[PDB]
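To be precise, the following lines are data.cif, and they hold mmCIF, C-alpha atoms.
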data_input
#
loop_
_atom_site.group_PDB
_atom_site.id
_atom_site.type_symbol
_atom_site.label_atom_id
_atom_site.label_comp_id
_atom_site.auth_asym_id
_atom_site.auth_seq_id
_atom_site.Cartn_x
_atom_site.Cartn_y
_atom_site.Cartn_z
ATOM 1 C CA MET A 1 -34.167 -20.698 -97.932
ATOM 2 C CA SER A 2 -34.131 -24.475 -98.392
ATOM 3 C CA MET A 3 -30.415 -25.106 -97.880
ATOM 4 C CA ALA A 4 -30.911 -23.572 -94.437
ATOM 5 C CA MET A 5 -32.326 -26.941 -93.428
ATOM 6 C CA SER A 6 -28.682 -27.902 -92.874
ATOM 7 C CA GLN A 7 -28.872 -25.919 -89.629
ATOM 8 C CA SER A 8 -30.703 -28.924 -88.182
ATOM 9 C CA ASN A 9 -28.503 -31.547 -89.832
ATOM 10 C CA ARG A 10 -25.275 -29.786 -88.866
ATOM 11 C CA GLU A 11 -25.993 -30.183 -85.160
ATOM 12 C CA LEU A 12 -27.469 -33.566 -86.045
ATOM 13 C CA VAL A 13 -24.160 -34.782 -87.359
ATOM 14 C CA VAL A 14 -22.147 -32.958 -84.662
ATOM 15 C CA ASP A 15 -24.466 -34.305 -81.967
ATOM 16 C CA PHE A 16 -24.595 -37.892 -83.215
ATOM 17 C CA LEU A 17 -20.828 -37.885 -83.651
ATOM 18 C CA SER A 18 -20.360 -36.836 -80.026
ATOM 19 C CA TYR A 19 -22.864 -39.464 -78.910
ATOM 20 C CA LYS A 20 -20.392 -41.976 -80.341
ATOM 21 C CA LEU A 21 -17.330 -40.549 -78.580
ATOM 22 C CA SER A 22 -19.272 -41.005 -75.341
ATOM 23 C CA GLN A 23 -19.118 -44.789 -75.703
ATOM 24 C CA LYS A 24 -15.349 -44.580 -76.181
ATOM 25 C CA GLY A 25 -15.057 -41.826 -73.570
ATOM 26 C CA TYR A 26 -13.823 -39.242 -76.053
ATOM 27 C CA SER A 27 -14.094 -35.516 -75.319
ATOM 28 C CA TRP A 28 -16.159 -34.440 -78.333
ATOM 29 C CA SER A 29 -15.785 -30.887 -76.993
ATOM 30 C CA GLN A 30 -12.034 -30.972 -77.713
ATOM 31 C CA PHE A 31 -12.375 -31.087 -81.509
ATOM 32 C CA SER A 32 -15.144 -28.656 -82.462
ATOM 33 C CA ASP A 33 -16.995 -26.742 -79.715
ATOM 34 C CA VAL A 34 -19.966 -28.757 -78.460
ATOM 35 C CA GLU A 35 -21.146 -26.192 -75.911
ATOM 36 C CA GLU A 36 -24.130 -28.107 -74.534
ATOM 37 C CA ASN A 37 -27.785 -29.051 -75.019
ATOM 38 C CA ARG A 38 -30.158 -26.529 -76.592
ATOM 39 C CA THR A 39 -28.998 -25.404 -80.035
ATOM 40 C CA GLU A 40 -31.274 -22.767 -81.560
ATOM 41 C CA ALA A 41 -35.021 -23.239 -82.043
ATOM 42 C CA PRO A 42 -37.581 -20.727 -83.337
ATOM 43 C CA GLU A 43 -40.606 -23.056 -83.313
ATOM 44 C CA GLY A 44 -40.275 -25.781 -80.699
ATOM 45 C CA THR A 45 -37.640 -28.512 -80.808
ATOM 46 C CA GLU A 46 -37.779 -30.133 -84.244
ATOM 47 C CA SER A 47 -34.023 -30.632 -84.631
ATOM 48 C CA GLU A 48 -33.973 -31.982 -81.076
ATOM 49 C CA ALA A 49 -36.460 -34.769 -81.780
ATOM 50 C CA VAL A 50 -34.722 -35.263 -85.124
ATOM 51 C CA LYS A 51 -31.390 -35.921 -83.409
ATOM 52 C CA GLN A 52 -32.741 -38.535 -80.998
ATOM 53 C CA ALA A 53 -34.659 -40.170 -83.843
ATOM 54 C CA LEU A 54 -31.416 -40.892 -85.686
ATOM 55 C CA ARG A 55 -29.825 -42.013 -82.419
ATOM 56 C CA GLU A 56 -32.450 -44.700 -81.815
ATOM 57 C CA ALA A 57 -32.472 -46.142 -85.330
ATOM 58 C CA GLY A 58 -28.704 -45.805 -85.387
ATOM 59 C CA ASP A 59 -28.581 -48.063 -82.348
ATOM 60 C CA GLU A 60 -30.627 -50.688 -84.173
ATOM 61 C CA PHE A 61 -28.003 -50.835 -86.922
ATOM 62 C CA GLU A 62 -24.969 -51.052 -84.635
ATOM 63 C CA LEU A 63 -26.745 -53.634 -82.484
ATOM 64 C CA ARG A 64 -27.487 -55.601 -85.655
ATOM 65 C CA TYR A 65 -23.889 -56.028 -86.817
ATOM 66 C CA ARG A 66 -21.286 -54.125 -84.796
ATOM 67 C CA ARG A 67 -18.676 -55.978 -86.884
ATOM 68 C CA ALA A 68 -18.884 -53.326 -89.593
ATOM 69 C CA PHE A 69 -18.415 -50.860 -86.738
ATOM 70 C CA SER A 70 -14.880 -52.069 -86.011
ATOM 71 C CA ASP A 71 -11.344 -50.873 -86.799
ATOM 72 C CA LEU A 72 -11.664 -49.087 -90.145
ATOM 73 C CA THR A 73 -8.275 -47.364 -90.112
ATOM 74 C CA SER A 74 -6.538 -50.753 -90.124
ATOM 75 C CA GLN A 75 -8.279 -51.711 -93.375
ATOM 76 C CA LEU A 76 -7.794 -48.503 -95.367
ATOM 77 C CA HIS A 77 -5.409 -45.547 -95.145
ATOM 78 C CA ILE A 78 -6.937 -42.820 -92.979
ATOM 79 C CA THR A 79 -4.812 -39.667 -93.041
ATOM 80 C CA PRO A 80 -5.392 -35.883 -93.281
ATOM 81 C CA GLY A 81 -6.028 -35.322 -96.976
ATOM 82 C CA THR A 82 -6.651 -38.927 -97.998
ATOM 83 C CA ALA A 83 -9.763 -39.512 -95.880
ATOM 84 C CA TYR A 84 -11.632 -37.782 -98.704
ATOM 85 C CA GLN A 85 -10.833 -40.690 -101.018
ATOM 86 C CA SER A 86 -12.454 -43.142 -98.614
ATOM 87 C CA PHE A 87 -15.567 -41.082 -97.845
ATOM 88 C CA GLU A 88 -16.251 -40.424 -101.527
ATOM 89 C CA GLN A 89 -15.994 -44.179 -102.083
ATOM 90 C CA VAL A 90 -17.922 -45.498 -99.063
ATOM 91 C CA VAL A 91 -20.576 -42.823 -99.585
ATOM 92 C CA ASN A 92 -20.784 -43.820 -103.252
ATOM 93 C CA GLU A 93 -21.581 -47.521 -102.849
ATOM 94 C CA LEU A 94 -23.574 -46.588 -99.726
ATOM 95 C CA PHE A 95 -26.118 -44.275 -101.370
ATOM 96 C CA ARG A 96 -25.551 -45.303 -105.000
ATOM 97 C CA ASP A 97 -29.085 -46.432 -105.842
ATOM 98 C CA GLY A 98 -31.201 -45.595 -102.810
ATOM 99 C CA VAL A 99 -31.253 -43.381 -99.726
ATOM 100 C CA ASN A 100 -34.365 -43.387 -97.518
ATOM 101 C CA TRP A 101 -34.338 -42.546 -93.815
ATOM 102 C CA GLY A 102 -32.736 -45.954 -93.336
ATOM 103 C CA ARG A 103 -29.432 -45.225 -95.058
ATOM 104 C CA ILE A 104 -29.495 -41.775 -93.464
ATOM 105 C CA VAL A 105 -29.478 -42.987 -89.864
ATOM 106 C CA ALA A 106 -26.779 -45.543 -90.664
ATOM 107 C CA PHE A 107 -24.794 -42.827 -92.448
ATOM 108 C CA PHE A 108 -24.609 -40.728 -89.281
ATOM 109 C CA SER A 109 -23.419 -43.631 -87.130
ATOM 110 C CA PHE A 110 -21.078 -44.576 -89.962
ATOM 111 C CA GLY A 111 -18.913 -41.484 -89.663
ATOM 112 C CA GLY A 112 -19.339 -41.739 -85.910
ATOM 113 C CA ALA A 113 -17.366 -44.939 -85.393
ATOM 114 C CA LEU A 114 -15.036 -43.868 -88.199
ATOM 115 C CA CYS A 115 -14.286 -40.665 -86.277
ATOM 116 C CA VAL A 116 -13.364 -42.281 -82.953
ATOM 117 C CA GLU A 117 -11.169 -44.612 -84.995
ATOM 118 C CA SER A 118 -9.196 -41.732 -86.510
ATOM 119 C CA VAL A 119 -8.855 -39.612 -83.357
ATOM 120 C CA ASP A 120 -7.582 -42.777 -81.670
ATOM 121 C CA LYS A 121 -4.654 -42.797 -84.106
ATOM 122 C CA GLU A 122 -3.705 -39.209 -83.245
ATOM 123 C CA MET A 123 -5.686 -38.019 -86.267
ATOM 124 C CA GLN A 124 -8.538 -35.672 -85.360
ATOM 125 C CA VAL A 125 -8.243 -33.499 -88.478
ATOM 126 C CA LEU A 126 -10.578 -36.048 -90.075
ATOM 127 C CA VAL A 127 -13.113 -35.746 -87.244
ATOM 128 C CA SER A 128 -14.603 -32.304 -87.904
ATOM 129 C CA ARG A 129 -13.806 -32.689 -91.603
ATOM 130 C CA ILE A 130 -16.028 -35.773 -91.631
ATOM 131 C CA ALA A 131 -18.818 -34.198 -89.584
ATOM 132 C CA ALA A 132 -19.186 -31.419 -92.149
ATOM 133 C CA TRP A 133 -19.052 -33.917 -95.013
ATOM 134 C CA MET A 134 -21.903 -35.939 -93.509
ATOM 135 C CA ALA A 135 -24.091 -32.862 -93.129
ATOM 136 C CA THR A 136 -23.248 -31.081 -96.383
ATOM 137 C CA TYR A 137 -23.928 -34.400 -98.110
ATOM 138 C CA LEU A 138 -27.570 -33.536 -97.527
ATOM 139 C CA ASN A 139 -27.444 -29.884 -98.576
ATOM 140 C CA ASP A 140 -25.347 -30.975 -101.569
ATOM 141 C CA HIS A 141 -26.539 -34.502 -102.395
ATOM 142 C CA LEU A 142 -29.269 -35.787 -100.080
ATOM 143 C CA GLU A 143 -31.479 -32.722 -100.531
ATOM 144 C CA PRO A 144 -34.124 -32.897 -103.344
ATOM 145 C CA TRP A 145 -35.129 -36.260 -101.890
ATOM 146 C CA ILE A 146 -35.229 -35.040 -98.275
ATOM 147 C CA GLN A 147 -37.984 -32.556 -99.072
ATOM 148 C CA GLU A 148 -39.742 -34.746 -101.642
ATOM 149 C CA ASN A 149 -39.972 -37.467 -98.994
ATOM 150 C CA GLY A 150 -41.590 -34.933 -96.678
ATOM 151 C CA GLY A 151 -38.784 -32.882 -95.179
ATOM 152 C CA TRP A 152 -36.522 -33.812 -92.285
ATOM 153 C CA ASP A 153 -39.662 -33.432 -90.180
ATOM 154 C CA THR A 154 -41.331 -36.306 -92.020
ATOM 155 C CA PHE A 155 -38.339 -38.473 -91.181
ATOM 156 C CA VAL A 156 -38.956 -37.858 -87.487
ATOM 157 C CA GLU A 157 -42.553 -39.028 -87.885
ATOM 158 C CA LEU A 158 -41.771 -42.056 -90.065
ATOM 159 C CA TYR A 159 -38.746 -43.363 -88.150
ATOM 160 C CA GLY A 160 -39.821 -41.768 -84.865
ATOM 161 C CA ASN A 161 -39.779 -43.724 -81.605
ATOM 162 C CA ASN A 162 -42.939 -45.413 -82.881
ATOM 163 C CA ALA A 163 -41.101 -46.815 -85.901
ATOM 164 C CA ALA A 164 -37.784 -47.869 -84.367
ATOM 165 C CA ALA A 165 -39.910 -49.302 -81.554
ATOM 166 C CA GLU A 166 -41.938 -51.767 -83.621
ATOM 167 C CA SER A 167 -38.841 -52.953 -85.483
ATOM 168 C CA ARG A 168 -36.993 -53.510 -82.205
ATOM 169 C CA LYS A 169 -40.075 -55.309 -80.876
ATOM 170 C CA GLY A 170 -40.183 -57.675 -83.841
ATOM 171 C CA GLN A 171 -36.432 -57.961 -84.447
ATOM 172 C CA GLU A 172 -34.630 -57.785 -81.101
ATOM 173 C CA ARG A 173 -36.470 -61.029 -80.280
ATOM 174 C CA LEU A 174 -35.902 -60.606 -76.531
ATOM 175 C CA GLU A 175 -36.976 -64.161 -75.699
ATOM 176 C CA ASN B 1 -5.565 -48.660 -102.756
ATOM 177 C CA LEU B 2 -8.865 -48.700 -100.863
ATOM 178 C CA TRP B 3 -10.361 -52.008 -99.717
ATOM 179 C CA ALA B 4 -12.718 -50.638 -97.058
ATOM 180 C CA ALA B 5 -14.719 -47.583 -98.382
ATOM 181 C CA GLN B 6 -15.731 -49.432 -101.553
ATOM 182 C CA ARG B 7 -16.604 -52.741 -99.855
ATOM 183 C CA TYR B 8 -17.203 -50.998 -96.529
ATOM 184 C CA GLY B 9 -20.151 -49.168 -98.052
ATOM 185 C CA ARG B 10 -21.421 -52.197 -99.957
ATOM 186 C CA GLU B 11 -21.729 -54.268 -96.783
ATOM 187 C CA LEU B 12 -23.420 -51.347 -95.031
ATOM 188 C CA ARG B 13 -25.839 -51.106 -97.959
ATOM 189 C CA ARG B 14 -27.223 -54.621 -97.510
ATOM 190 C CA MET B 15 -27.965 -54.073 -93.823
ATOM 191 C CA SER B 16 -29.742 -50.908 -94.963
ATOM 192 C CA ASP B 17 -32.151 -52.736 -97.271
ATOM 193 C CA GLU B 18 -33.146 -54.891 -94.305
ATOM 194 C CA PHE B 19 -32.837 -51.969 -91.883
ATOM 195 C CA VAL B 20 -36.097 -50.613 -93.299
ATOM 196 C CA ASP B 21 -39.261 -52.503 -94.243
ATOM 197 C CA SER B 22 -42.004 -51.688 -91.734
ATOM 198 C CA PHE B 23 -41.445 -47.965 -91.184
ATOM 199 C CA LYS B 24 -41.819 -47.287 -94.907
ATOM 200 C CA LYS B 25 -45.394 -47.525 -96.184
#
Can the structure from this file be put into structure tokens for me?
Amino acid sequence: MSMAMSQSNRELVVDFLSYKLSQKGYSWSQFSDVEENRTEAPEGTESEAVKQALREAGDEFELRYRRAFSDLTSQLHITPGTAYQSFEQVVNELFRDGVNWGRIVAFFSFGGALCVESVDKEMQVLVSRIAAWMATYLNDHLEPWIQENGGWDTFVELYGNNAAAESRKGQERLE
Amino acid sequence: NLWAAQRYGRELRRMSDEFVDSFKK
């Protein structure tokens, strides 16, 4: 079962999403059912390390240009049933010709800020709906490449703390 | 009409290209 891999991405997307609500002080457990830490694991904690991995890199993106991570509902029409139009579009020009772990991490954070934006306008129906879209995107679209690249596990190794670290060390500047 | 999504993704794409460079290879 290859599609099963989603099991890790599902919580990935649900976890990351919640991580975003935290910044805005949003009860992520009032939309889906984010019980708590520890979500299945028959080997060790792959998905766990995978989640954090995306969190780190995702921080690098937001820190780079939070501008893009601003009010998105004010620009386009975000409503239950129309949100699909946007996603399909954004996702199109986003992963048109190229994916890589890079676009992946940014993709997770993408829906993150977009979620808090919707819920803020009394529109949570798009929240969960988006979370599933982000995950299924892999099982449906971002799949053959995920494995070919070396499986979600490979991602962890490539963009692991070691990766995001170097970049932050040679980009953040610090001074 | 949809100004964001379309452009929204485009802008995000650029940052992506730069987002990665050392990790890969």
Which is closer to residue B:8 than all the others in A:22, A:45, A:39, A:89, using only C-alpha atoms?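 Going through A:22, A:45, A:39, A:89 one by one, the smallest distance to residue B:8 is for A:89.
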Do you know which residues the PyMOL selection byres ((chain B) within 6 of (chain A)) returns on this file, as a PyMOL selection string? chain B and resi 2+4-6+9-10+13+16+20+23
Those residues you just picked out, can you put them in a file as a PDB file, in the frame of the given file with C-alpha atoms?
ATOM      1  CA  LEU B   2      -8.865 -48.700-100.863  1.00  0.00           C
ATOM      2  CA  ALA B   4     -12.718 -50.638 -97.058  1.00  0.00           C
ATOM      3  CA  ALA B   5     -14.719 -47.583 -98.382  1.00  0.00           C
ATOM      4  CA  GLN B   6     -15.731 -49.432-101.553  1.00  0.00           C
ATOM      5  CA  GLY B   9     -20.151 -49.168 -98.052  1.00  0.00           C
ATOM      6  CA  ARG B  10     -21.421 -52.197 -99.957  1.00  0.00           C
ATOM      7  CA  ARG B  13     -25.839 -51.106 -97.959  1.00  0.00           C
ATOM      8  CA  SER B  16     -29.742 -50.908 -94.963  1.00  0.00           C
ATOM      9  CA  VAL B  20     -36.097 -50.613 -93.299  1.00  0.00           C
ATOM     10  CA  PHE B  23     -41.445 -47.965 -91.184  1.00  0.00           C
TER      11      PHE B  23
END
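The spacing separating atom CA of residue A:147 from atom CA of residue A:7 amounts to 14.7 Å.
Of note, atom CA of residue A:127 and atom CA of residue B:14 are spaced 25.7 Å apart.
Atom CA of residue B:25 is positioned 23.4 Å from atom CA of residue A:47.
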Please write as an MDAnalysis selection string the full residue list that the PyMOL selection byres ((chain A and resi 55) around 10) yields on this file. chainID A and resid 12 15:17 19:20 49:54 56:60 105:106 108:109
Write out as JSON an axis-aligned box for stretch 6-23 of chain B: all of its atoms listed in the file, 8 Å added on each side, centre and edge lengths in Å with one decimal.
{"center_x": -28.9, "center_y": -51.4, "center_z": -96.4, "size_x": 42.3, "size_y": 22.9, "size_z": 26.4}
Could you tell me which of A:37, A:139, A:123, A:81 comes closest to residue A:1 if we count all atoms listed in the file? A:139
